[PDB]
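What follows is the content of final27.tsv, which has TSV, C-alpha atoms:
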```
chain	number	residue	atom	x	y	z
A	1	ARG	CA	35.55	-23.31	-5.89
A	2	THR	CA	32.94	-20.53	-5.95
A	3	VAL	CA	30.67	-22.68	-8.12
A	4	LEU	CA	31.17	-25.77	-5.94
A	5	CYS	CA	30.44	-23.83	-2.74
A	6	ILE	CA	27.08	-22.83	-4.22
A	7	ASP	CA	26.77	-26.36	-5.60
A	8	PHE	CA	27.01	-27.85	-2.10
A	9	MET	CA	24.03	-25.68	-1.12
A	10	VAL	CA	21.88	-27.20	-3.87
A	11	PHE	CA	22.93	-30.76	-3.00
A	12	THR	CA	22.12	-30.27	0.69
A	13	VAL	CA	18.68	-28.86	-0.17
A	14	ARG	CA	17.86	-32.10	-2.00
A	15	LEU	CA	17.75	-33.84	1.40
A	16	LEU	CA	14.26	-32.36	1.76
A	17	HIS	CA	13.13	-34.10	-1.44
A	18	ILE	CA	14.58	-37.42	-0.28
A	19	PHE	CA	12.71	-37.20	3.04
A	20	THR	CA	9.34	-36.41	1.44
A	21	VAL	CA	8.43	-40.10	1.76
A	22	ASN	CA	8.68	-40.08	5.57
A	23	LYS	CA	5.29	-39.74	7.25
A	24	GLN	CA	6.46	-37.31	9.95
A	25	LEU	CA	8.19	-34.83	7.62
A	26	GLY	CA	6.20	-35.49	4.44
A	27	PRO	CA	3.14	-33.31	5.09
A	28	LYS	CA	5.20	-30.50	6.63
A	29	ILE	CA	7.55	-30.22	3.64
A	30	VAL	CA	4.59	-29.91	1.25
A	31	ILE	CA	3.04	-27.12	3.34
A	32	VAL	CA	6.27	-25.10	3.16
A	33	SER	CA	5.82	-24.71	-0.60
A	34	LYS	CA	2.33	-23.26	-0.07
A	35	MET	CA	3.84	-20.56	2.18
A	36	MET	CA	5.87	-18.96	-0.63
A	37	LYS	CA	3.04	-16.58	-1.57
A	38	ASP	CA	3.13	-14.99	1.89
A	39	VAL	CA	6.93	-14.68	1.76
A	40	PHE	CA	6.87	-12.86	-1.58
A	41	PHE	CA	4.39	-10.30	-0.25
A	42	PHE	CA	6.62	-9.66	2.77
A	43	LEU	CA	9.66	-9.22	0.52
A	44	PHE	CA	7.77	-6.75	-1.68
A	45	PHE	CA	6.61	-4.72	1.33
A	46	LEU	CA	10.06	-4.86	2.91
A	47	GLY	CA	11.74	-3.98	-0.38
A	48	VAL	CA	9.62	-0.85	-0.78
A	49	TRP	CA	10.29	0.19	2.82
A	50	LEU	CA	14.02	-0.52	2.54
A	51	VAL	CA	14.32	1.65	-0.57
A	52	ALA	CA	12.38	4.51	1.03
A	53	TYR	CA	14.25	4.47	4.34
A	54	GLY	CA	17.65	3.59	2.91
A	55	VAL	CA	17.79	6.34	0.29
A	56	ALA	CA	16.37	9.01	2.61
A	57	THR	CA	18.86	8.20	5.38
A	58	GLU	CA	21.80	8.20	2.96
A	59	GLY	CA	20.58	11.43	1.38
A	60	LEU	CA	20.30	13.17	4.75
A	61	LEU	CA	23.72	11.97	5.93
A	62	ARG	CA	25.48	12.84	2.65
A	63	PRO	CA	28.60	10.71	3.22
A	64	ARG	CA	31.74	11.90	1.47
A	65	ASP	CA	32.74	8.46	0.17
A	66	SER	CA	29.79	8.26	-2.26
A	67	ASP	CA	31.31	5.28	-4.09
A	68	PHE	CA	28.69	3.23	-5.93
A	69	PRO	CA	29.40	-0.05	-4.06
A	70	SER	CA	29.57	1.98	-0.84
A	71	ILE	CA	26.27	3.74	-1.60
A	72	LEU	CA	24.54	0.42	-2.31
A	73	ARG	CA	25.83	-1.03	0.97
A	74	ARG	CA	24.56	1.94	2.99
A	75	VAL	CA	21.20	1.94	1.19
A	76	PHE	CA	20.33	-1.78	1.21
A	77	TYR	CA	22.79	-3.77	3.34
A	78	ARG	CA	22.85	-1.59	6.46
A	79	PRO	CA	19.05	-1.05	6.75
A	80	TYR	CA	18.52	-4.78	6.15
A	81	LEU	CA	20.74	-5.74	9.09
A	82	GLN	CA	18.87	-3.34	11.38
A	83	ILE	CA	15.88	-5.70	11.21
A	84	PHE	CA	17.96	-8.43	12.88
A	85	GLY	CA	19.32	-6.33	15.75
A	86	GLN	CA	22.44	-4.77	14.15
A	87	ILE	CA	21.86	-1.05	14.70
A	88	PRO	CA	25.10	0.97	14.19
A	89	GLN	CA	24.24	4.04	16.25
A	90	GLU	CA	27.81	5.35	16.10
A	91	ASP	CA	27.57	5.54	12.31
A	92	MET	CA	24.32	7.54	12.04
A	93	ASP	CA	24.19	9.68	15.22
A	94	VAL	CA	26.07	12.98	15.52
A	95	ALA	CA	25.89	12.89	19.32
A	96	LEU	CA	28.13	9.79	19.29
A	97	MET	CA	30.78	10.70	16.72
A	98	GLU	CA	33.25	13.57	17.02
A	99	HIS	CA	32.95	16.85	15.12
A	100	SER	CA	35.62	17.67	12.55
A	101	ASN	CA	36.21	20.16	9.73
A	102	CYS	CA	37.11	17.40	7.28
A	103	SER	CA	35.20	18.69	4.24
A	104	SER	CA	35.78	22.09	2.66
A	105	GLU	CA	32.16	22.20	1.51
A	106	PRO	CA	30.15	24.55	3.77
A	107	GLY	CA	28.19	23.02	6.63
A	108	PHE	CA	28.88	21.01	9.77
A	109	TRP	CA	30.43	17.55	9.51
A	110	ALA	CA	31.28	14.67	11.84
A	111	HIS	CA	33.61	11.71	11.41
A	112	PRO	CA	32.01	8.27	11.85
A	113	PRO	CA	34.23	5.59	13.41
A	114	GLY	CA	33.01	2.84	11.07
A	115	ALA	CA	35.09	1.77	8.10
A	116	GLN	CA	32.21	1.65	5.60
A	117	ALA	CA	30.12	4.41	7.19
A	118	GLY	CA	31.84	7.11	5.12
A	119	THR	CA	34.65	9.48	6.02
A	120	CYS	CA	32.27	12.27	7.08
A	121	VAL	CA	28.53	12.85	7.41
A	122	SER	CA	26.53	16.06	7.66
A	123	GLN	CA	25.08	17.14	11.01
A	124	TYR	CA	22.38	19.40	9.57
A	125	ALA	CA	19.23	17.45	10.49
A	126	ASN	CA	20.43	14.30	12.22
A	127	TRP	CA	17.41	14.48	14.54
A	128	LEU	CA	15.47	13.43	11.44
A	129	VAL	CA	17.92	10.58	10.80
A	130	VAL	CA	17.35	9.32	14.35
A	131	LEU	CA	13.59	9.78	13.94
A	132	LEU	CA	13.63	7.81	10.68
A	133	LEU	CA	15.45	4.98	12.45
A	134	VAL	CA	12.76	4.93	15.15
A	135	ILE	CA	10.01	4.75	12.52
A	136	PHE	CA	11.89	2.15	10.46
A	137	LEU	CA	12.34	-0.17	13.45
A	138	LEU	CA	8.65	0.08	14.35
A	139	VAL	CA	7.44	-0.62	10.81
A	140	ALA	CA	9.98	-3.29	9.88
A	141	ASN	CA	10.98	-5.10	13.08
A	142	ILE	CA	7.47	-5.06	14.59
A	143	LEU	CA	4.70	-4.28	12.11
A	144	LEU	CA	5.99	-6.19	9.08
A	145	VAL	CA	7.35	-9.21	10.97
A	146	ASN	CA	4.25	-9.68	13.14
A	147	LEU	CA	2.07	-9.27	10.04
A	148	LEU	CA	3.89	-12.15	8.36
A	149	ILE	CA	3.29	-14.33	11.42
A	150	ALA	CA	-0.43	-13.58	11.16
A	151	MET	CA	-0.47	-14.52	7.47
A	152	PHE	CA	1.56	-17.68	8.11
A	153	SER	CA	-0.85	-18.79	10.84
A	154	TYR	CA	-3.90	-18.16	8.65
A	155	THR	CA	-2.37	-19.96	5.66
A	156	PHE	CA	-1.24	-22.95	7.75
A	157	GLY	CA	-4.75	-23.52	9.08
A	158	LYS	CA	-6.36	-23.18	5.66
A	159	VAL	CA	-4.06	-25.46	3.65
A	160	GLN	CA	-3.52	-28.08	6.37
A	161	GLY	CA	-6.28	-30.40	5.18
A	162	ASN	CA	-5.51	-30.22	1.46
B	1	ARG	CA	17.56	18.50	0.60
B	2	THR	CA	15.88	17.66	3.91
B	3	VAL	CA	12.45	18.13	2.32
B	4	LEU	CA	13.38	16.07	-0.76
B	5	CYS	CA	14.76	13.22	1.37
B	6	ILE	CA	11.38	13.00	3.11
B	7	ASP	CA	9.74	13.55	-0.28
B	8	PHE	CA	11.42	10.44	-1.70
B	9	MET	CA	9.83	8.45	1.13
B	10	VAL	CA	6.34	9.57	0.10
B	11	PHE	CA	6.97	8.84	-3.59
B	12	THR	CA	8.25	5.33	-2.84
B	13	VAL	CA	5.20	4.58	-0.67
B	14	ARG	CA	2.96	5.31	-3.67
B	15	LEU	CA	4.25	2.09	-5.26
B	16	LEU	CA	1.78	0.28	-2.99
B	17	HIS	CA	-1.12	2.25	-4.47
B	18	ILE	CA	0.04	1.50	-8.02
B	19	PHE	CA	0.19	-2.24	-7.29
B	20	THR	CA	-3.30	-2.39	-5.76
B	21	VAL	CA	-4.61	-3.62	-9.12
B	22	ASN	CA	-2.48	-6.78	-9.08
B	23	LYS	CA	-4.41	-9.84	-7.91
B	24	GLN	CA	-1.60	-11.26	-5.77
B	25	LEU	CA	-0.83	-8.07	-3.82
B	26	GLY	CA	-4.24	-6.39	-4.06
B	27	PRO	CA	-6.07	-8.13	-1.20
B	28	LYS	CA	-3.01	-8.07	1.07
B	29	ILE	CA	-2.50	-4.31	0.73
B	30	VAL	CA	-6.13	-3.65	1.67
B	31	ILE	CA	-5.83	-5.82	4.79
B	32	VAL	CA	-2.81	-3.81	5.99
B	33	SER	CA	-5.03	-0.74	6.39
B	34	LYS	CA	-7.40	-2.70	8.64
B	35	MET	CA	-4.48	-3.53	10.96
B	36	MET	CA	-3.88	0.10	11.97
B	37	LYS	CA	-6.28	-0.14	14.93
B	38	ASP	CA	-4.14	-2.85	16.53
B	39	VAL	CA	-0.95	-0.85	15.93
B	40	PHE	CA	-2.34	2.25	17.64
B	41	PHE	CA	-3.26	0.25	20.74
B	42	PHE	CA	0.27	-1.18	20.90
B	43	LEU	CA	1.78	2.30	20.55
B	44	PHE	CA	-0.44	3.62	23.36
B	45	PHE	CA	0.49	0.74	25.67
B	46	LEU	CA	4.17	1.04	24.74
B	47	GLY	CA	4.09	4.82	25.13
B	48	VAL	CA	2.71	4.56	28.67
B	49	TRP	CA	5.29	1.92	29.60
B	50	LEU	CA	8.15	3.88	28.01
B	51	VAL	CA	7.25	7.01	29.99
B	52	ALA	CA	6.98	5.08	33.26
B	53	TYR	CA	10.22	3.13	32.85
B	54	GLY	CA	12.19	5.90	31.15
B	55	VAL	CA	11.51	8.61	33.73
B	56	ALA	CA	12.01	6.28	36.71
B	57	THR	CA	15.34	4.99	35.39
B	58	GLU	CA	16.59	8.51	34.65
B	59	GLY	CA	15.40	9.73	38.04
B	60	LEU	CA	17.20	6.93	39.87
B	61	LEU	CA	20.44	7.41	37.92
B	62	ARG	CA	20.42	11.21	38.27
B	63	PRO	CA	22.93	11.94	35.48
B	64	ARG	CA	24.91	15.15	35.86
B	65	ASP	CA	24.43	16.28	32.25
B	66	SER	CA	20.68	16.92	32.70
B	67	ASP	CA	20.45	18.83	29.41
B	68	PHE	CA	16.93	18.85	28.00
B	69	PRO	CA	17.83	17.13	24.69
B	70	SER	CA	19.99	14.72	26.69
B	71	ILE	CA	17.18	14.01	29.16
B	72	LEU	CA	14.72	13.32	26.33
B	73	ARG	CA	17.18	10.92	24.68
B	74	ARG	CA	17.72	8.97	27.91
B	75	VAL	CA	13.98	8.88	28.67
B	76	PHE	CA	12.54	7.93	25.26
B	77	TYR	CA	15.30	7.02	22.79
B	78	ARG	CA	17.34	4.65	24.96
B	79	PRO	CA	14.40	2.63	26.39
B	80	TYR	CA	12.93	2.38	22.88
B	81	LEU	CA	16.10	0.79	21.49
B	82	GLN	CA	16.15	-1.77	24.31
B	83	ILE	CA	13.09	-3.41	22.72
B	84	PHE	CA	15.16	-4.20	19.62
B	85	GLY	CA	18.16	-5.72	21.39
B	86	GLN	CA	20.28	-2.61	22.13
B	87	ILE	CA	20.79	-2.86	25.90
B	88	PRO	CA	23.65	-0.56	27.08
B	89	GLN	CA	24.56	-2.33	30.32
B	90	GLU	CA	27.74	-0.28	30.73
B	91	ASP	CA	25.65	2.89	30.90
B	92	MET	CA	23.18	1.82	33.61
B	93	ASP	CA	25.09	-0.69	35.78
B	94	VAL	CA	27.46	0.42	38.55
B	95	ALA	CA	29.22	-2.96	38.58
B	96	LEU	CA	30.48	-2.27	35.05
B	97	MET	CA	31.59	1.37	35.24
B	98	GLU	CA	34.37	2.71	37.46
B	99	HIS	CA	33.80	4.65	40.67
B	100	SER	CA	34.90	8.28	40.77
B	101	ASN	CA	34.45	11.34	42.99
B	102	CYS	CA	33.43	13.52	40.04
B	103	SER	CA	30.54	15.39	41.68
B	104	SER	CA	30.89	17.50	44.82
B	105	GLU	CA	27.28	16.74	45.76
B	106	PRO	CA	27.19	14.14	48.57
B	107	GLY	CA	26.69	10.50	47.61
B	108	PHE	CA	28.47	7.86	45.56
B	109	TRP	CA	28.98	8.36	41.83
B	110	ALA	CA	30.30	6.37	38.88
B	111	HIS	CA	31.48	7.46	35.44
B	112	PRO	CA	29.68	5.83	32.49
B	113	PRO	CA	31.82	5.20	29.39
B	114	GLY	CA	29.08	6.24	26.96
B	115	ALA	CA	29.12	9.67	25.36
B	116	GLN	CA	25.41	10.41	25.87
B	117	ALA	CA	25.00	8.39	29.09
B	118	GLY	CA	25.91	11.39	31.25
B	119	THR	CA	29.19	12.31	32.91
B	120	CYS	CA	28.27	10.63	36.20
B	121	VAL	CA	25.40	8.60	37.66
B	122	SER	CA	24.47	7.84	41.26
B	123	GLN	CA	25.16	4.40	42.73
B	124	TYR	CA	22.60	4.64	45.53
B	125	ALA	CA	20.03	2.05	44.40
B	126	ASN	CA	21.31	0.70	41.09
B	127	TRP	CA	19.98	-2.75	42.03
B	128	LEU	CA	16.58	-1.16	41.41
B	129	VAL	CA	17.76	0.19	38.04
B	130	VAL	CA	18.83	-3.32	37.03
B	131	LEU	CA	15.55	-4.74	38.37
B	132	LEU	CA	13.56	-2.18	36.37
B	133	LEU	CA	15.44	-3.21	33.22
B	134	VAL	CA	14.52	-6.85	33.87
B	135	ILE	CA	10.85	-5.94	34.30
B	136	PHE	CA	10.89	-3.62	31.28
B	137	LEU	CA	12.32	-6.29	28.98
B	138	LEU	CA	9.73	-8.84	30.13
B	139	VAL	CA	6.78	-6.47	29.66
B	140	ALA	CA	7.93	-4.80	26.43
B	141	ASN	CA	10.03	-7.32	24.51
B	142	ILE	CA	7.86	-10.32	25.41
B	143	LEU	CA	4.43	-9.43	26.78
B	144	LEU	CA	3.61	-6.45	24.55
B	145	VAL	CA	5.12	-7.84	21.34
B	146	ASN	CA	3.52	-11.28	21.66
B	147	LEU	CA	0.20	-9.61	22.51
B	148	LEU	CA	0.32	-7.67	19.24
B	149	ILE	CA	0.95	-10.91	17.33
B	150	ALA	CA	-2.16	-12.39	18.94
B	151	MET	CA	-4.25	-9.36	17.96
B	152	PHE	CA	-2.83	-9.35	14.42
B	153	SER	CA	-3.69	-13.04	13.97
B	154	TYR	CA	-7.25	-12.55	15.25
B	155	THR	CA	-7.81	-9.47	13.08
B	156	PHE	CA	-6.39	-11.13	9.96
B	157	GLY	CA	-8.78	-14.07	10.26
B	158	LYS	CA	-11.80	-11.86	10.90
B	159	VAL	CA	-11.32	-9.32	8.10
B	160	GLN	CA	-10.00	-11.76	5.48
B	161	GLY	CA	-13.38	-12.40	3.86
B	162	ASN	CA	-14.57	-8.79	3.77
```
As structure tokens, what does this structure read like?
Amino acid sequence: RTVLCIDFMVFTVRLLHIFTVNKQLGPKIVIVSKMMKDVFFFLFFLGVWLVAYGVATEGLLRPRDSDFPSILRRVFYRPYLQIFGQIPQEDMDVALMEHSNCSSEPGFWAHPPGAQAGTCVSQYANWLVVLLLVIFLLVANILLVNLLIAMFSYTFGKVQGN
Amino acid sequence: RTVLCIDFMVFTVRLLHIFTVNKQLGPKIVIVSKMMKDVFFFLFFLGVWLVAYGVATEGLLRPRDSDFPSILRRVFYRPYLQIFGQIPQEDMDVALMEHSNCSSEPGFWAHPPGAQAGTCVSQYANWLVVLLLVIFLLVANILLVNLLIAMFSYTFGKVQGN
């Protein structure tokens, strides 16, 4: 079933190839291919920023789960969703979660309510974690996205005639 | 650790400098530097609007916490997140929270459910608080963001050749 579910995706995509003949959708479909260069640049810039912000935030929090699938989710998956409006403040802000002496390791720790946010996170410099979130949202949600719109508009005008 | 977490951010950013040689990403990386003038104007306009809306909303609510870190969070942090789709209606609307006689100071007060929203907020003119939120969202989420896209598109076309 897992192969067929992905297979249905490929079959549905072929509807674009079938409709290339139509005069209304023909030119537009061809232009979409020319836009792939701009998309790859955005992915590269976003990938670099996601690695920098994701690792730094996870390193500052120091969650006690530290499982490899869990670490990957908190480094890549969670920062990625913050671009699209899913900001889990209760998982990264000490002022929202409750303080607990869960971990025997010295320091101050708080218990996030999320299931995959880790059992406990350090409170040492969470003002930096909040500050990093502010910077990340500005760079990713605003600067990077609006930059891609500018490159899409320039490319569309250039390659329209050809 | 706090220094190293920030240090990892600087090291990851250097990947852009390494990839300047590549022909696909070379020109695009150089253009990004030329966009910083437009970003600074947006930050200045947003900073002025955030101060005006943030202080006025906090002044109208008059939360009873009034701690300096708490005041700064409600003035800058909360209005900033409203740009990216995090609107805490239950923290600023009387119609959503429950009425209580928490404060001995004369007036009408309601108890927000949020942890950092303050223990109580005044109900005197919350129709103005809601109205300010409507105006803030229009100016910030729509007018300011779409203006930056227009300036990014104009700048990208101008500085593409050079």
Can you check which residues of chain B have any atom within 9 Å of chain A? Use all atoms listed in the file and format it as a PyMOL selection string. chain B and resi 1-2+4-13+15-16+24-25+28+32+35+39+77+80-81+84-86+114-116+145-146+148-157
Selection as a list in words: residues within 8 Å of (26.4, -2.4, 40.5), counting all atoms listed in the file: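 Every polymer residue passing the test: residues 93, 94, 95, 96, 123, 126 and 127 of chain B.
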Limited to C-alpha atoms, could you put the picked residues into a file as a PDB file, keeping the file's coordinate frame?
```
ATOM      1  CA  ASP B  93      25.090  -0.690  35.780  1.00  0.00           C
ATOM      2  CA  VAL B  94      27.460   0.420  38.550  1.00  0.00           C
ATOM      3  CA  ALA B  95      29.220  -2.960  38.580  1.00  0.00           C
ATOM      4  CA  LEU B  96      30.480  -2.270  35.050  1.00  0.00           C
ATOM      5  CA  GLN B 123      25.160   4.400  42.730  1.00  0.00           C
ATOM      6  CA  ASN B 126      21.310   0.700  41.090  1.00  0.00           C
ATOM      7  CA  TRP B 127      19.980  -2.750  42.030  1.00  0.00           C
TER       8      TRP B 127
END
```
Using only C-alpha atoms: which of B:68, B:76, B:19, B:109 has the shortest distance to residue 46 (chain B):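 Closest candidate: B:76.
Restricting the calculation to all atoms listed in the file, the smallest distance between residue 162 (chain B) and any of B:72, B:31, B:102, B:43 is found for B:31.
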Edge lengths and centre, in Å to one decimal, as lines of an AutoDock Vina configuration file: that's what I need for the box along x, y and z that holds all listed atoms of region 65-72 of chain B plus 6 Å on each side.
```
center_x = 19.6
center_y = 16.1
center_z = 28.7
size_x = 21.7
size_y = 17.5
size_z = 20.0
```
CA of residue 64 (chain A) to CA of residue 122 (chain A): how many Å, to one decimal? 9.1 Å
Of the candidates A:136, A:3, A:17, A:34, which shows the shortest atom-to-atom distance to residue 158 (chain A), using all atoms listed in the file?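 Result for the nearest residue to residue 158 (chain A): A:34.
Between CA of residue 79 (chain B) and CA of residue 103 (chain B) the separation is 25.6 Å.
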If you measure from CA of residue 117 (chain B) to CA of residue 99 (chain B), what distance in Å do you get, rounded to one decimal?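 Taking CA of residue 117 (chain B) as the start and CA of residue 99 (chain B) as the end point, the length is 15.0 Å.
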Shell of 12 Å around residue 101 (chain B), only C-alpha atoms, local chain residues under 6 positions omitted, as a ChimeraX atom specification: /B:107-111,119-123
Write to file, as a CSV table (one decimal), keeping the file's coordinate frame, the residues of the selection just made, with C-alpha atoms.
```
chain,number,residue,atom,x,y,z
B,107,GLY,CA,26.7,10.5,47.6
B,108,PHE,CA,28.5,7.9,45.6
B,109,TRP,CA,29.0,8.4,41.8
B,110,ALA,CA,30.3,6.4,38.9
B,111,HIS,CA,31.5,7.5,35.4
B,119,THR,CA,29.2,12.3,32.9
B,120,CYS,CA,28.3,10.6,36.2
B,121,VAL,CA,25.4,8.6,37.7
B,122,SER,CA,24.5,7.8,41.3
B,123,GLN,CA,25.2,4.4,42.7
```
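In this comparison, which uses all atoms listed in the file, the residue of A:160, A:100, A:70, A:22 approaching residue 118 (chain A) most closely is A:70.
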